[PDB]
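One structure is given here, and the rest of the page talks about it.
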Amino acid sequence: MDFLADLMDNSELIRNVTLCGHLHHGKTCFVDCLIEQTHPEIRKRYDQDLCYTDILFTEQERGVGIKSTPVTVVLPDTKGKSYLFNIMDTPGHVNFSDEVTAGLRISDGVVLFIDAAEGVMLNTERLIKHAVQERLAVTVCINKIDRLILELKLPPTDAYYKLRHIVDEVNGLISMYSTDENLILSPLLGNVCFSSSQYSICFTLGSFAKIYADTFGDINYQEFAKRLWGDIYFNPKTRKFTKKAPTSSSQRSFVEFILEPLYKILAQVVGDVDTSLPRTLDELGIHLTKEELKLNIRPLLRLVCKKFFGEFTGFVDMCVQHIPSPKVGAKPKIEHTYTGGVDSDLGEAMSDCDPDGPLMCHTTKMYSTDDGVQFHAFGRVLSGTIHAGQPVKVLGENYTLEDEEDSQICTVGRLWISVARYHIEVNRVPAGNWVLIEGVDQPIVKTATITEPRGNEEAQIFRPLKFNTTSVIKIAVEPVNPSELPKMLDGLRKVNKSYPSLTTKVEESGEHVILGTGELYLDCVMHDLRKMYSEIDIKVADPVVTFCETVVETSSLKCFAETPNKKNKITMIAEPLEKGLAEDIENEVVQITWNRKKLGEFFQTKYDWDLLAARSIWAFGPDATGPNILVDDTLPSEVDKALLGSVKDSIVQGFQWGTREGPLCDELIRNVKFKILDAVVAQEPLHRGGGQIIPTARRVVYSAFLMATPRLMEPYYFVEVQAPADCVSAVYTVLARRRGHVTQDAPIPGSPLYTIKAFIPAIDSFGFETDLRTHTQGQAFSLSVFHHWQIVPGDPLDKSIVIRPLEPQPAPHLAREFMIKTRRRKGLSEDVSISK
Amino acid sequence: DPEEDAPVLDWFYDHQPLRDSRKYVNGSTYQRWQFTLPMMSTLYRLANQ
RNA sequence: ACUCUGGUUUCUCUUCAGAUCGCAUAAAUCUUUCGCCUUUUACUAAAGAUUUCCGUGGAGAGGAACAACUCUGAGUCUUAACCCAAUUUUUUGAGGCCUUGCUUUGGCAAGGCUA
RNA sequence: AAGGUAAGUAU
């Protein structure tokens with residue numbers, strides 16, 4: 001591993017790769033193939049699939065990737081030049097997109113794994129969008145190509161058609177999400193791998209042409225690879241490739257030279273091992289011992305393909321020619337993630353990726369020890385070299401240039417290079433690499449930034465992870481023994497550390513809350529919290545989603561509020577926002593950092609907003625990208641702007657607090673526009689302090705929201721179901737009972753399975769997958785992800801509604817029951833009087 | 001049927017079939033068996049019920 | 001295409017068994033919880049710990065049969081017709097002279113002169 | 001399967 005250590009010092013020979021894709025698409029099996037390539041003593045069992053990255057017992061028992069597992073290996077390319085690959089094996093389940101997001105931050109490129117039998121599934125599209133928006137290089141690896149042969153039994157022309165359709169759909173998705181023309185993915189460009197991780201098949205056009213060149217000779221494999229795809233027919237008469245088929249039954253070059261040999265190889269083993277297999281192996285130059293020809297059909301296929309295809313070089317060619325090195329990709333990484341940007345002195349220094357310089361390591365994942373007591377931060381070294389025993393300054397997530405309180409000085413303990421089951425204990429790690437850091441557990445929660453303890457004051461932090469999904473499922477947790485509450489709290493902070501998207505909060509009633517993305521996510525969280533960490537019995541409440549509050553009409557009364565000294569009066573109203581405006585604000589289409597001219601132009605052009613009103617916007621939402629707008633509609637002729645602006649920060653903060661904690665429940669306020677009509681401001685600066693304006697602003701926000709007709713908004717899941725033709729009716733029946741409506745049921749091209757797309761409420765989605773699989777005998781599998789917020793039917797404030805104890809309420813009674821029970825669980829009053 | 005059941009027809013319905021065929025068994029101890037794919041397919045078709 | 005390598009089957013024996021000993025699955029005993037309770041012998045059904053039984057694998061040893069038949073691996077895995085060179089050696093135009101520095105002298109170092 | 005033997009003396 002000395003060559004591995006020396007390879008770390010050369011940032012040009014390093015690849016930071018994230019393996020991403022839908023659930024059970026072969027990513028883990030592909031990493032197992034790579035490890036088997038690099039580790040001779042690690043061999044997959046004949047029947048049991050080796051799962052080298054799946055080190056968690058939950059992952060082994062569930063058979064589903066849960067947490068990302070880093071792998072650092074030395075992988076030779078086609079030309080025999082060894083590289084240093086930092087590979088992240090991100091889980092493919094849609095509920096665990098937080099691990100994918102954490103992996104994408106410390107990575108420069110993306111290898112997208114797609115099942116050959118399946119099309120482009122939900123998580124495939126979601127991760128394509130995330131990787132494009134994270135400004136990463138995208139490379140496709142169409143896996144499980146053996147399915148098209150041994151399972152679908154398609155003709156080679158139809159296998160080519162299926163692969164081409166997959167590539168076309170991926171290209172369309174990338175074009176829709178991105179704008180760059182050079183993001184077209186095609187095996188001719190070297191962006192696409194065809195692989196079968198079960199049988200150790202992995203090749204591009206370049207590598208397979210290299211196989212030809214090594215066998216036949218006198219062939220330019222680089223030039224021959226440019227002909228092995230598309231409608232480029234081969235003419236045996238002229239020995240040249242033409243775009244026109246020379247004969248009626250002429251096949252494509254890809255089919256004739258790649259798919260036909262693959263079909264024949266996979267057909268002379270599964271059916272003709274007894275006779276004509278040794279002849280075929282001799283024709284291919286493959287020699288197998290007597291005891292190796294006695295293996296079963298599947299191990300025999302794996303061995304034959306390992307002999308014929310050898311090492312994995314097409315994948316390495318893809319990741320070297322298209323995924324930029326840390327030095328090359330540092331500048332877009334700093335431009336996107338770093339708060340200061342590339343313009344800052346450090347931002348310029350980061351783009352150099354010098355192993356000697358200002359240490360700035362960004363960690364996005366935290367891996368726990370065997371006992372669970374200690375956590376090891378894991379992240380990329382973006383500048384400088386970290387050392388064992390070296391003190392460091394560990395910036396937090398609220399750290400800024402002003403406060404400098406979120407940071408903390410810590411001593412770096414042992415350092416490791418993590419490869420799944422074993423770690424290489426190192427003494428130093430240069431820039432552009434991935435390192436396991438110990439002795440840094442305590443100050444790090446979620447993401448963090450590590451810098452030198454002294455000498456670097458310009459150092460800001462990196463932007464925290466922007467997860468692709470919102471954690472809306474909420475479960476309450478209490479210990480069986482109330483005397484063991486501190487142990488449960490320690491377990492809660494541990495699971496918060498170990499889960500990027502987890503949110504543990506305490507309600508005003510003392511109820512501990514865990515926020516999750518789905519049933520499997522929270523099941524894994526609870527299993528961890530019980531078995532590891534806390535090591536105590538814990539009671540779990542019934543899962544309940546988190547709601548949001550909006551207004552469907554403008555407030556009919558000019559609500560007013562006054563400070564305790566009565567020297568300041570604010571008049572405000574609340575009205576619903578325009579359709580699609582809240583989504584644009586949340587999606588960072590428009591930012592608070594924009595100058596007022598461009599903001600006004602955007603609001604006037606794309607939303608027909610008046611110039612006077614558009615240029616008067618004060619703040620956005622509860623947070624910087626919150627889906628609420630505060631508009632200063634005060635007439636300048638009535639109230640002095642300079643006097644009004646003296647308390648602008650305080651009223652903005654009060655607005656943000658009020659939109660964070662709604663009147664109806666302690667829930668976020670969404671899709672509400674607030675207009676300041678009259679604002680009497682005191683002249684003396686003692687009477688217009690923050691402690692007076694902020695509560696008054698919150699009270700006036702509450703009054704404006706309540707007078708306007710309020711409604712509860714609930715999260716809706718988007719569900720993609722893989723079911724056969726006969727199981728679609730059962731899917732319809734199951735979705736009907738849970739307020740779910742189907743938006744699309746389209747057959748999968750190249751497969752007999754259908755895909756039903758539907759929207760289901762997140763509160764009716766509990767047990768939805770279990771019901772779907774039980775009612776369809778396991779033939780219908782579904783994945784649910786949060787899509788949008790929808791208004792709960794009924795009137796939340798209707799006091800005439802009667803709620804039965806243990807009976808589901810009708811549609812008009814849904815909002816009232818939701819609000820009452822949410823208030824009861826939160827510990828607030830029975831109902832909200834409009835007066836307050 | 002002599003046509004489709006040919007891989008198994010000769011030694012089927014015999015006590016310890018292929019016991020003396022050293023190609024398909026280790027020996028008279030009757031411990032291991034190595035069967036060709038046609039025989040396995042014929043047996044699989046004969047046992048669909 | 002060269003030379004050495006030297007089995008398979010079967011019957012016993014002695015030990016070690018992680019591993020689904022076994023892709024199958026019994027019984028007994030003991031200690032706890034029950035269910036029947038009225039005393040044995042039977043039991044009810046869960047947990048825990050044992051023992052026996054029906055079988056199994058590896059290795060070792062000793063007989064027998066086909067003992068004579070060949071393997072695999074290693075060893076260097078050992079040959080001529082007609083056709084050929086601007087990136088590493090049988091076709092490759094790479095020669096000589098001089099200057100000055102310098103070496104105890106021989107020579108070396110750089111430059112110049114070519115044809 | 002038992003907790004269902006009369007204890008005898010004669011032949």
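Counting begins at 1 with the first residue displayed.
Looking at the header, which is where the method is noted, we find electron microscopy, 3.1 Å.
Every residue gets a Cβ built from N, Cα and C, even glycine.
Marked as GTP binding site by Swiss-Prot on the basis of sequence analysis: A:21-28, A:89-93, A:143-146. Residues annotated as domain 'tr-type G' in Swiss-Prot: A:12-294.
Distribution of Swiss-Prot features across the structure.
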residue: A:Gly21; record: GTP binding site; contacts (Cβ under 8 Å, 6+ apart): A:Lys27, A:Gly92, A:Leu112, A:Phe113, A:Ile114, A:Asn123, A:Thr124, A:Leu127, A:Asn143
residue: A:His24; record: GTP binding site; contacts (Cβ under 8 Å, 6+ apart): A:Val64, A:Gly92, A:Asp115
residue: A:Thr90; record: GTP binding site; contacts (Cβ under 8 Å, 6+ apart): A:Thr18, A:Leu19, A:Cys20, A:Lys27, A:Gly65, A:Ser68, A:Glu99, A:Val100, A:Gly103, A:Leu104
residue: A:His93; record: GTP binding site; contacts (Cβ under 8 Å, 6+ apart): A:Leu23, A:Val64, A:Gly65, A:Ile66, A:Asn123, A:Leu520, A:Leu783
residue: A:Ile145; record: GTP binding site; contacts (Cβ under 8 Å, 6+ apart): A:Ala116, A:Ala159, A:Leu163, A:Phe194, A:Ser195, A:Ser196, A:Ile201, A:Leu262
Task: Helix, strand or coil at A:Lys27 (GTP binding site) [DSSP, three-state] - done: helix
TODO: Let me know how many other Cβ atoms fall within 10 Å of the Cβ of A:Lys27 (GTP binding site).
DONE: 28
